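*Asks:* For reference, the structure I am asking about is given below.
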Amino acid sequence: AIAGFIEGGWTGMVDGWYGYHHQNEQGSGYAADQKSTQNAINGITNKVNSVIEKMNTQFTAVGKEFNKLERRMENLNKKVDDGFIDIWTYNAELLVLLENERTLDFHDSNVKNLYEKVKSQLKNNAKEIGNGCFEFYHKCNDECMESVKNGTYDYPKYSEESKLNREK
Amino acid sequence: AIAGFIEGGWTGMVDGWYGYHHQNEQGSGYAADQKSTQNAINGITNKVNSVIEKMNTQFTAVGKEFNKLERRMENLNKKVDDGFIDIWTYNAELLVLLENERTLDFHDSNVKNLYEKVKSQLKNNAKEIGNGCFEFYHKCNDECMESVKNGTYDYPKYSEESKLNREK
Amino acid sequence: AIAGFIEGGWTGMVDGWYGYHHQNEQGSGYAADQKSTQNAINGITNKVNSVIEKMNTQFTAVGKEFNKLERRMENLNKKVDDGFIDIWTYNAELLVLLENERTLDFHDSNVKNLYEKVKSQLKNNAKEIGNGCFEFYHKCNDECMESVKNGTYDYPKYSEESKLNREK
Amino acid sequence: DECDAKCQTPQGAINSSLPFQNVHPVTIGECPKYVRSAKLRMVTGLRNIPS
Amino acid sequence: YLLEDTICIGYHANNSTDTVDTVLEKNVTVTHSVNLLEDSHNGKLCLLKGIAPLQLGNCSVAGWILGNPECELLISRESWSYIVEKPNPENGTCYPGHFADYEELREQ
Ligand SMILES: *[C@@H]1O[C@H](CO)[C@@H](O[C@@H]2O[C@H](CO)[C@@H](O)[C@H](O)[C@H]2NC(C)=O)[C@H](O)[C@H]1NC(C)=O
Ligand SMILES: *[C@@H]1O[C@H](CO)[C@@H](O)[C@H](O)[C@H]1NC(C)=O
Ligand SMILES: *[C@@H]1O[C@H](CO)[C@@H](O)[C@H](O)[C@H]1NC(C)=O
Ligand SMILES: *[C@@H]1O[C@H](CO)[C@@H](O)[C@H](O)[C@H]1NC(C)=O
């Protein structure tokens, strides 16, 4: 999907993350699907907040000073300080790598699902032509268009209207 | 799938996690697919056991008491105790958040796969009607039904029997 | 997919991870899809390197020796050493369990995608017969074969050539 | 012994290239982290299902 | 009745008896893997970053440093990466008494 069957992104769509591009007798337009976009925005925000806000820290002075006859305590203390840095540096680096892959995978599954929505309504009332592009076998108005978007698309009202141009 | 194309769950199915609802001349029934259900039960149990059992702890007394001329050691010790609480609280909170999402995603992929099994056997011997509902173009008996379940469904034995009612 | 609809693996394919088996008038062959294979090899290697290389350690002597009037320090030190072992043992065991499942899931999604590539080009110029097996409705030469592989497959050049044997 | 290491254990030296070891908790050097684990194996390839 | 021309998609297999565990399954045999856990030592007291340790034989740090008559270690070393002492050395403070800040000296 993302850099897959749908090769690139639209600099034309500025109202969301995932959406559509329609062209008809009335004109062409870029429209973001505000339901999949919002659920993705909320979801990711949650992931981020969890990574930031879960890190709660109390007031603490890390540094400890020892005398020349306290080398063991000095080192015990270095062992603590370094052990914690080792853990946080490893965990933090790896968490980010893992959940960055997860975020990217999540967007991909949302565009593949947004596609399947449109494919499910327009069963054979349209043709799979380009990347995420569908070619209507009927005249789809600025009305029928904005109806494919909110999923309230009427299949019969254009079912037979398609059949004529279809067989041809 | 889960709260997606299959909107809700069955309070009627009490024998499993994922399953089917059949209705024919004989009657209607709720039957859980005991193979996908068991593999999901075993798998999740494993995830849980891993989270609980991997935490092995030896006998230890956390507390240390210091004198008024041991404030550095007292604080060194607080630094240890707090550093460990910080790590476990962050790790534990985040692991649960991440793997709860993973569990929920896993169920969704199992119901989408259980659906595709039924769709693969009943190629055009049935019609995709509702959510995860399939409408038979032939007379499917309590025999043919219990055969779609265990995947031993006979496509030809009902292939032509469907064709008659199909074209209509 | 992996141990799913494609039941097993090929001991015959030794040039990659995912690939194809073709048989025609010229002969049969095992050919690995070198693009999906390489991206999987690079990707996994990265995961592994991240797990190994991110663990950077400085020079350190863990051991500390105390006297009979230093039992608290001795124990403070045991608390540190054990707390770190507890964390690393839990984290390491769980990371491996989680990302081993993730790796296995990743291969499965690559073979399911390699399949969908072939299914997308050979729309109805072939038939879904076995596991990941496709049965050509036309004569596909050592040329047309090696063309399904690199995705430069010509649908029209065999579109009508299939139609004849198809209706039959 | 004349051998050269990056990590020394009370019972002998260890290969320090891996991130973890279950040999000994008390070491000297640039050492893998001690773990109580018996196995820590990461799958790279596919499930081996050849029959 | 017959089988025409085919293309089959699939995956690799081999003689590998390697097994892994996942968060959902145990003892999964796999084609290729990687061990992350070091479970083997050479059984030798090697050099550390090019420098050899200080073997004390039957002497303790005290015995060696004070110059106990049973400690000498012939024409002696001028640099060492770590110290090697026996679990219980038998040559230390031959004349009894208290060694002040001994664990500190040992560390230094
Ligand atoms: C150095 O260590 C040796 C070995 O433990 C000591 O030798 C022992 O001395 C006693 C003296 O009463 C003898 O009875 C034992 O037979 C000796 N043991 C062995 C194994 O030879 C010796 O005392 C130590 N020397 C100094 C100066 O500390
Ligand atoms: C050290 O470990 C790495 C990775 O396990 C391996 O490639 C290398 O050959 C090992 N070397 C020795 C001397 O054991
Ligand atoms: C793992 O499975 C193999 C067979 O696939 C078997 O030979 C082996 O004993 C199993 N190991 C355990 C510990 O169950
Ligand atoms: C140490 O003492 C043992 C006998 O207890 C003896 O065999 C050995 O040679 C002594 N010297 C060294 C350097 O270990």
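One line per chain: the protein sequences are A, B, C, D and E, in this order.
Last residue of the first sequence: 179 (the numbering used here), numbering continuous.
Last residue of the second sequence: 179 (the numbering used here), numbering continuous.
Last residue of the third sequence: 179 (the numbering used here), numbering continuous.
Last residue of the fourth sequence: 74 (the numbering used here), numbering continuous.
Last residue of the fifth sequence: 567 (the numbering used here), numbering continuous.
Even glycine gets a Cβ: it sits at the ideal position worked out from N, Cα and C.
(1) So, does the CB of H118 of chain C fall closer than 7 Å to a CB anywhere in chain D?
(2) Just the C-alpha distance for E146 of chain C and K138 of chain C, rounded to the nearest angstrom, thanks.
(3) Excluding five sequence neighbours on each side, which residues of the same chain lie with their C-beta closer than 8 Å to the C-beta of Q34 of chain D?
(4) Residues near ligand 1, CB to any non-hydrogen atom under 5 Å, in chain order?
(5) Are the beta-carbon atoms of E112 of chain C and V482 of chain E separated by less than 7 Å?
(6) Measuring straight from C-alpha to C-alpha, what distance separates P512 of chain E and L41 of chain D?
(7) What I want to know is whether the C-beta of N486 of chain E ends up closer than 6 Å to one or more non-hydrogen atoms of ligand 3.
(8) Around ligand 4, what residues have a beta-carbon under 5 Å from a heavy atom of it, in chain order?
(9) Using the three-state DSSP reduction, which class does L507 of chain E fall into: helix, strand or coil?
(10) Taking the runs of the beta strand (DSSP E) that are 3 residues or longer, which of them lie wholly in the segment 120 to 148 of chain B?
(11) Relative to the alpha-carbon of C151 of chain B, which residue among B:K79, B:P167, B:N86 has its alpha-carbon at the smallest distance?
(12) Beta-carbon within less than 8 Å of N135 of chain C's beta-carbon, same chain only, minus the 5 sequence neighbours each way: which residues are those?
(13) Taking 7 Å as the threshold (beta carbon to beta carbon), is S158 of chain C in contact with chain A?
(14) Tell me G30 of chain C's beta-bridge partners as DSSP assigns them.
(15) Measure the alpha-carbon distance for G551 of chain E versus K89 of chain A and round it to whole angstroms.
(16) Kindly indicate if chain A contains any beta-carbon less than 7 Å away from that of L108 of chain B.
(17) Does chain H have any CB closer than 7 Å to the CB of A472 of chain E?
(18) Whole angstroms is fine: what's the gap from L133 of chain B's alpha carbon to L125 of chain C's?
(19) Between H471 of chain E and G27 of chain C, which are expected to be in contact by the criterion C-beta below 8 Å, what is the C-beta distance as a whole number of angstroms?
(20) Is the Cβ-Cβ distance between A12 of chain C and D119 of chain C less than 7 Å?
(21) Is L41 of chain D near ligand 2, in the sense that its beta carbon is under 6 Å from a heavy atom of that ligand?
(22) Could you round the C-beta distance between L496 of chain E and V62 of chain C to whole angstroms and report it? I think they count as a contact, below 8 Å.
(23) Under the three-state reduction of DSSP, which class applies to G74 of chain B: helix, strand or coil?
(24) For a quick check, are the C-beta atoms of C155 of chain C and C467 of chain E less than 7 Å apart?
(25) So, using beta-carbon positions, are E18 of chain C and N142 of chain C closer together than 7 Å?
(26) Just curious, the alpha helix (DSSP H) that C155 of chain A is in, first and last residue?
(27) According to DSSP, is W539 of chain E helix, strand or coil?
(28) Relative to the C-alpha of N35 of chain C, which candidate in E:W523, E:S499, E:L462, E:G526 has its C-alpha closest?
(29) Which residues in the same chain as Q45 of chain C place their Cβ atom closer than 7 Å to its Cβ, once the five residues preceding and following it in sequence are excluded?
(30) Check the Cβ-Cβ distances between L80 of chain A and every residue of chain E, and say whether any is below 7 Å.
(31) Using CA atoms only, rank isn't needed, just tell me which of B:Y169, B:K75, B:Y29, B:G38 is closest to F117 of chain B.
(32) Kindly indicate which three-state DSSP category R70 of chain D falls into: helix, strand or coil?
(33) Are the beta-carbon atoms of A42 of chain C and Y31 of chain C separated by less than 7 Å?
(34) Considering only residues of the same chain and omitting the five flanking positions on each side of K545 of chain E, which have a CB-CB separation below 8 Å?
(35) What separation, rounded to the nearest whole angstrom, lies between the Cα atoms of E81 of chain A and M84 of chain B?
(36) Quick check on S492 of chain E: does DSSP put it in helix, strand or coil?
*Replies:* Let me spell this out:
(1) On the third sequence, residue 118 of chain C is found 107 positions in, with the first residue counted as 1. Interface residue, yes.
(2) Taking the third sequence and counting its residues from 1, one reaches residue 146 of chain C at position 135. Taking the third sequence and counting its residues from 1, one reaches residue 138 of chain C at position 127. Roughly 5 Å separates the two Cα atoms.
(3) On the fourth sequence, residue 34 of chain D is found 11 positions in, with the first residue counted as 1. Hits under 8 Å: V46, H47.
(4) E:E529, E:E549, E:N550, E:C553
(5) The residue given as residue 112 of chain C occupies position 101 in the third sequence. The residue given as residue 482 of chain E occupies position 23 in the fifth sequence. Yes. Within cutoff.
(6) In the fifth sequence, residue 512 of chain E corresponds to position 53, counting from 1. In the fourth sequence, residue 41 of chain D corresponds to position 18, counting from 1. Approximately 24 Å, taken between the alpha carbons.
(7) Start at 1 with the first residue of the fifth sequence, and residue 486 of chain E comes out as number 27. Yes - ligand 3 has a heavy atom lying nearer than 6 Å to the Cβ of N486 of chain E.
(8) E:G516, E:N517
(9) One-based indexing of the fifth sequence puts residue 507 of chain E at position 48. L507 of chain E falls in the strand class under three-state DSSP.
(10) Runs of the beta strand (DSSP E) inside the segment 120 to 148 of chain B: 137 to 139, 145 to 147.
(11) Along the second sequence, read from residue 1 onward, the residue named residue 151 of chain B stands at position 140. Considering only alpha carbons, the answer is B:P167.
(12) To locate residue 135 of chain C, count along the third sequence from 1; it is residue 124. The residues are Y148, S173, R177.
(13) For the purposes of this step, residue 158 of chain C is taken as the residue at position 147 of the third sequence. So, not an interface residue.
(14) Against the third sequence, residue 30 of chain C aligns to sequence position 19. Looking at the DSSP assignment, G30 of chain C forms a beta bridge with C:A43, E:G469.
(15) What you label residue 551 of chain E is simply residue 92 of the fifth sequence in a count that begins at 1. What you label residue 89 of chain A is simply residue 78 of the first sequence in a count that begins at 1. Looking at the two C-alpha atoms, the distance is approximately 31 Å.
(16) As a position in the second sequence, residue 108 of chain B is number 97, starting the count at 1. Output row for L108 of chain B: interface = yes.
(17) No chain H appears in the structure shown, which is made up of the protein chains A, B, C, D and E.
(18) Stepping through the second sequence from its first residue, residue 133 of chain B is reached at position 122. Stepping through the third sequence from its first residue, residue 125 of chain C is reached at position 114. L133 of chain B and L125 of chain C: Cα-Cα distance of roughly 24 Å.
(19) Taking the fifth sequence and counting its residues from 1, one reaches residue 471 of chain E at position 12. Taking the third sequence and counting its residues from 1, one reaches residue 27 of chain C at position 16. Between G27 of chain C and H471 of chain E the Cβ distance is about 6 Å, and since that is below 8 Å, they are a contact.
(20) Walking along the third sequence from the start, residue 12 of chain C turns up at place 1. Walking along the third sequence from the start, residue 119 of chain C turns up at place 108. Taking C-beta atoms as the reference points, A12 of chain C and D119 of chain C count as a pair closer than 7 Å.
(21) On the fourth sequence, position 18 is the one that residue 41 of chain D refers to. Yes - ligand 2 has a heavy atom lying nearer than 6 Å to the Cβ of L41 of chain D.
(22) Taking the fifth sequence and counting its residues from 1, the one referred to as residue 496 of chain E is at position 37. Taking the third sequence and counting its residues from 1, the one referred to as residue 62 of chain C is at position 51. Not really, about 12 Å apart at Cβ, beyond 8 Å.
(23) The residue labelled residue 74 of chain B in the question sits at position 63 within the second sequence. Coil at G74 of chain B, not helix or strand.
(24) Numbered from 1 along the third sequence, position 144 holds the residue referred to as residue 155 of chain C. Numbered from 1 along the fifth sequence, position 8 holds the residue referred to as residue 467 of chain E. Cβ distance not < 7 Å, so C155 of chain C and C467 of chain E don't count as in contact.
(25) As a working mapping, residue 18 of chain C is identified with position 7 in the third sequence. As a working mapping, residue 142 of chain C is identified with position 131 in the third sequence. Cβ distance < 7 Å, so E18 of chain C and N142 of chain C count as in contact.
(26) Locating residue 155 of chain A in the first sequence gives position 144, where the first residue counts as 1. Per DSSP, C155 of chain A belongs to the alpha helix (DSSP H) from 153 to 160.
(27) As a first step, residue 539 of chain E is located in the fifth sequence; it is residue number 80 there, counting from the start. Reduced to three states, the DSSP call for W539 of chain E is coil.
(28) Taking the third sequence and counting its residues from 1, the one referred to as residue 35 of chain C is at position 24. Nearest option by C-alpha distance: E:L462.
(29) As a first step, residue 45 of chain C must be located in the third sequence, where it is residue number 34. Taken in chain order, the residues that qualify are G27.
(30) The residue you call residue 80 of chain A lines up with position 69 of the first sequence. Answer yes: the Cβ-Cβ gap between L80 of chain A and chain E drops below 7 Å somewhere.
(31) As a first step, residue 117 of chain B must be located in the second sequence, where it is residue number 106. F117 of chain B has its Cα closest to that of B:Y29, out of B:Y169, B:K75, B:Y29, B:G38.
(32) Translated into positions along the fourth sequence, residue 70 of chain D becomes position 47. In this structure, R70 of chain D counts as strand in the three-state DSSP scheme.
(33) For this step, residue 42 of chain C is matched to residue 31 along the third sequence. For this step, residue 31 of chain C is matched to residue 20 along the third sequence. In contact: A42 of chain C and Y31 of chain C (Cβ atoms closer than 7 Å).
(34) Within the fifth sequence, numbered from 1, the residue matching residue 545 of chain E stands at position 86. Take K545 of chain E, set aside five residues on each side of it, and the residues of its chain with a beta-carbon closer than 8 Å to its own are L515, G516, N517, in chain order.
(35) The residue labelled residue 81 of chain A in the question sits at position 70 within the first sequence. The residue labelled residue 84 of chain B in the question sits at position 73 within the second sequence. Straight-line Cα distance between these residues: approximately 11 Å.
(36) In the fifth sequence, the residue the question calls residue 492 of chain E occupies position 33. Correct three-state label for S492 of chain E: strand.
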